Amino acid sequence: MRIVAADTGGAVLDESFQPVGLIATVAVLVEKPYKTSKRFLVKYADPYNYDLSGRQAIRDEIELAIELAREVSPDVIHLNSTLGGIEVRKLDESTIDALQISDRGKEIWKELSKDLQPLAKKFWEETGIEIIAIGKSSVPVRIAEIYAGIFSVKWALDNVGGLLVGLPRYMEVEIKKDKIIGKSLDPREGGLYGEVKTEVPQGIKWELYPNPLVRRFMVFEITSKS
Amino acid sequence: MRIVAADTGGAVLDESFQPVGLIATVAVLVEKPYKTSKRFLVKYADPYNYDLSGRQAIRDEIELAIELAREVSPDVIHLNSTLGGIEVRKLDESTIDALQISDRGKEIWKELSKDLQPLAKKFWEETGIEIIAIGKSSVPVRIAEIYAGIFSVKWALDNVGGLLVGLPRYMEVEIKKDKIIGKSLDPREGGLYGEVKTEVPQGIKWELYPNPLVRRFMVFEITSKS
Amino acid sequence: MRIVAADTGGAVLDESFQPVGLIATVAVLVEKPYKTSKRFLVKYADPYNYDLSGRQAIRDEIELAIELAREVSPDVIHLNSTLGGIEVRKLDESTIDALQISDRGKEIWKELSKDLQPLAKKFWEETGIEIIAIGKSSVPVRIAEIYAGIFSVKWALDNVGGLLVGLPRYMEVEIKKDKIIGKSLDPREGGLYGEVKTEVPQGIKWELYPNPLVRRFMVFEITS
DNA sequence: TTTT
DNA sequence: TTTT
DNA sequence: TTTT
C-alpha cells in the first residue's frame, strides 16, 4: 500500500508559551514498512499573520497532498481529520450530520465541504484515488506530523535573536551537521521518524525541553550567542 | 494474589490490512511480580471461518479461563470486558442497565448473560471463585493479550506463500531459534512480556512493522523466499 | 517561567491491592527546563485515617502550594484539577455551570468554592499570583505527582513490619544509598524526574512491580 | 462490550 | 474538526 | 473533580 498524507504542525510560541501561529504544512509519501517518508513537500505559513481560528490549515493540506499525489500516484490520500474514514468526495450536509462528531465539528465541515468536496470529487474522477478523513488512526498522517515538526525547526533555524518552537505532540528533534532528524517519543507507535537536509546556521544555540503548560508537547528553543 | 485471565487476539489481515478473522484464545495464570505467565493454555480459531461480529471470542475466553482455573485454583478470574469489575454470576438485565457503558455494550451483554451468567454461577458454586469483567484495568488480561499475539505468530509460522498477522495493541514479537518472545511496547505497563517454545520453519522471511491504518498496532508479515 | 504546583499521591494498599488512604501531599517549584524540581515541601497524611472521598487532598494542596509560593514568589500556581485553567478566585456557581465538566464535578466544586475561592482572591490581592485549575495539562503538576510518589516511598521507608504502597500513575522509584529517585515511565512526557535525600534503613528488602488490578500503576512493596 |  |  |  502506498499512501500520501498531509498535516500542518509546529507553532511559534511567545515567552509565556502561548502559540502565535502555525509554521509548516507537509505532504508525505509513505510506503512499507510505514515508519518514515523519503518523498515529501513543504509549504511554510507566516506564523505572525496566521489565523488560528482558523482553518486555512486543512485547505493547504488537501492541496499539497493532491500536488504530491499527482506525482507519485498513491493508492489513497489520508487527510488529518478524524471523521471515521469517510471519503471527502462524499461529504454533503446529509453525510456530515450522520457523522459521530460534535455539533461544532459538523457545522464547520459543512462550511469546509463547499470547497473541499468538489476538489476531492474532481481528483477522484481523474484518478480513482480517494481522499479520506481518517486522522488519528493513520500512521502516514502521524509521519506527516513529525515532518511538520522537523520543517518547523528548519524554518526556525532559517529565520532566527531568539525563537520558541512548539513541536507537534510527543516528538523530539535532533540536530546534525547537515540534517534534522525527528522521532516520535511514543514507542507504542513502532519507531516513526523523519529526516530533512538543511544547513545549520552558526552563532546560535538550541535546547529541547517540555512545554510546561502543555504536557507531552516539547519546545525547541533557539537562542543567539550574541 | 494468583489470577487466571483470558483474551482473544491476533488477526489474519488481507493485503489492504483489513481483518479477516481472529486467531488465538489464551488463558494464563499470573502471579507476583505480575509481569508474565509461566502456565497457560491456547485455543486456535479458524480465522478464515470466523465471525468478527460473532462474539465467540468472549465465550471461548471464559471456557478456557475456567478450564485453567480448575487446574491451578486461582483467587479470581479476570475476563477481558471493561464493565467495572462486576462479577459475571451477578450479570442480569437489572445490573447491566446500571453499568456505565454504551447502549450497544448493554445490549451485547444482555444476550451474552444468557449463557455466561449460569456458567459463572455454577463455577462459583463449585469453587467460590468469582469471574469479574475487569477488562482494560487488568494486568493479567494484558498478559493474556500479549500471549495471544505470540500464539498468533506461532500459528502463522506453522500455517504459512505469505501471511499478514495483525497483532494486539502495541506489542512486538521477537523470533528466536526455538521460541517466540512477546513484549508490550508501552513502558508505562512496567515491562509485561511472554515467551512460547516453538520450531521456526525454514524457507521463510518475516518483518514486523506498523499497521498504516491502525496507529499503535503492529503487523507481523511472513513471506516465502519462494 | 517560574511555577509552583502541588499534588497528593501514593496510597497504602491492603493485601488485595485495595487502597486504604493517601500518603503524601507535595508542593514543588518548577523552573526551566521544566523536568524536575529542586525546591519543594511535603505534608504527610494519615493513610489509616483517610477519607478518599473527603477531598482533603485538594484543600491540602492549595494550602501547601500557597505556603511554598509565599517563600519562592512564583509567577503562577498550578492546581491539580482539570478545569481548563480557570482562576480559582474567579470560581463561583455561575462560572462553574459554564465549565465543560461532569455534573458530579460541578457539584463537588460548588462545595469547594465556598472555602477555596475566597482564599485565592485573598492570595491574589496580597501577591498578584493566580491560582489556576489546570490539572492534567500541567508539567509542574506531574512533577509534583512524581514527588508525591517519591515521598510516599520515603514514608514507607520511615514506617516499615511490611507495607504495600501504590504509586501514582506510571512512575518508578529507585533506592540509592542516601536518596530516592523517581521517574516517569512515559517517555512522551520528555523525561520528568525527581530526587529526594533520605537515610535508608538497614535490614529491609523492597520490590517494585505492576499493580495487577490497575494497569500502568506500580506497587512499591517493602518488608522487614 | 470486543476486534485490527 | 484542528492547533501548542 | 481526585485516588490506587
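Below, read A as the first sequence line, B as the second, and so on, with proteins coming before strands; counting in each chain starts at 1.
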For the pair C:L91 and C:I86, evaluate side-chain contact (heavy atoms from CB on, under 4.5 Å) and give the outcome as yes or no after the intermediate values.
CA-CA 8 Å; C:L91 285 175; C:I86 191 84; 3.8 Å; yes
Measure from CG on C:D46 to P on F:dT3 and round the result to the nearest Å.
19 Å
pair B:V219-B:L167: side-chain heavy atoms closer than 4.5 Å
no
Heavy-atom pair of closest approach, residues B:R142 and C:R215:
CB-NH1, 3.4 Å
First encountered from the 5' end of DNA chain F, between C:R104 and C:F217
C:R104
How long is the line joining CZ of C:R188 and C1' of E:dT4, in whole Å?
16 Å
Base, sugar-phosphate, or nothing: which does A:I101 touch, judged by heavy atoms less than 4.0 Å apart?
sugar-phosphate
Within the structure, does a side-chain N or O atom of B:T8 lie under 4.0 Å from either OP1 or OP2 of D:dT2?
no
For C:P168 and C:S81, find the nucleotide of DNA chain F closest to each by heavy atoms; which residue's nucleotide sits nearer the 5' end?
C:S81
Are a donor atom and an acceptor atom from the side chains of A:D14 and A:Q18 found within less than 3.5 Å of each other?
no
Ignoring backbone atoms, establish whether B:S102 has a side-chain N or O less than 4.0 Å from OP1 or OP2 of D:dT1.
yes
From the candidates D:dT4, F:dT4, D:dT3, the one with an atom nearest any side-chain atom of B:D7 is D:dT3
Touch check for A:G54, heavy atoms < 4.0 angstrom, all strands: base, sugar-phosphate only, or nothing?
nothing
Heavy atoms under 4.0 Å, any strand shown: does B:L99 hit a base, just sugar-phosphate, or nothing?
nothing
Any carboxylate oxygen within less than 4.0 angstrom of a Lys/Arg side-chain nitrogen, looking at A:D97 and A:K106?
no
Taken to the nearest whole Å, CG/A:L163 to P/E:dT4 is 16 Å
Hey, is the side chain of C:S53 poking within less than 4.0 Å of OP1 or OP2 on F:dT2, counting only N and O atoms?
no
Within the structure, does a side-chain N or O atom of C:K136 lie under 4.0 Å from either OP1 or OP2 of F:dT1?
no
Can you measure A:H78 atom NE2 to E:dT1 atom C1' for me and round it to whole angstrom units?
18 Å
Does B:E93 pair with B:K114 as a salt bridge, N-O distance under 4.0 Å?
yes
Nearest-neighbour nucleotide for the A:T82 side chain, E:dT2, F:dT4, D:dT2 considered
E:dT2
Base, sugar-phosphate, or nothing: which does B:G135 touch, judged by heavy atoms less than 4.0 Å apart?
nothing
Donor-acceptor pair (no angle test) under 3.5 Å: C:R55 side chain, F:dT2 base:
yes
Quick one: label A:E111 by what it contacts on the DNA or RNA (base, sugar-phosphate, nothing), any heavy atom closer than 4.0 Å.
nothing
So what does C:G21 hit on the nucleic acid, given a heavy-atom distance under 4.0 Å: a base, only sugar-phosphate, or nothing?
nothing
Nucleotide F:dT2, atom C1' - distance to CG of C:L22 in whole Å
9 Å
Rounded to whole angstroms, how far apart are CG on C:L185 and P on F:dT4?
14 Å
Looking at D:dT1, F:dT3, D:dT3, which one has an atom nearest to any side-chain atom of C:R169?
F:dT3
In whole angstrom, give the distance that lies between atom CD1 of A:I131 and atom P of E:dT1.
21 Å
Base, sugar-phosphate, or nothing for A:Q56, non-hydrogen atoms under 4.0 angstrom?
nothing
For C:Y34 and A:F17, I'd like to know if the aromatic rings sit close, meaning centre-to-centre distance below 6.0 Å.
yes
Let me know, please, whether A:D103 or A:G10 comes out on the 5' side of the other along DNA chain E by nearest nucleotide.
A:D103
Could you give the CD-to-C1' distance, from A:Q100 to E:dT1, as a whole number of Å?
14 Å
Quick note, C:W109 side chain, CB onward, closest among F:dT3, F:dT1, D:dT2 is F:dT1
Reckon A:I58 touches a base, only the sugar-phosphate, or nothing at all at heavy-atom distances under 4.0 Å?
nothing
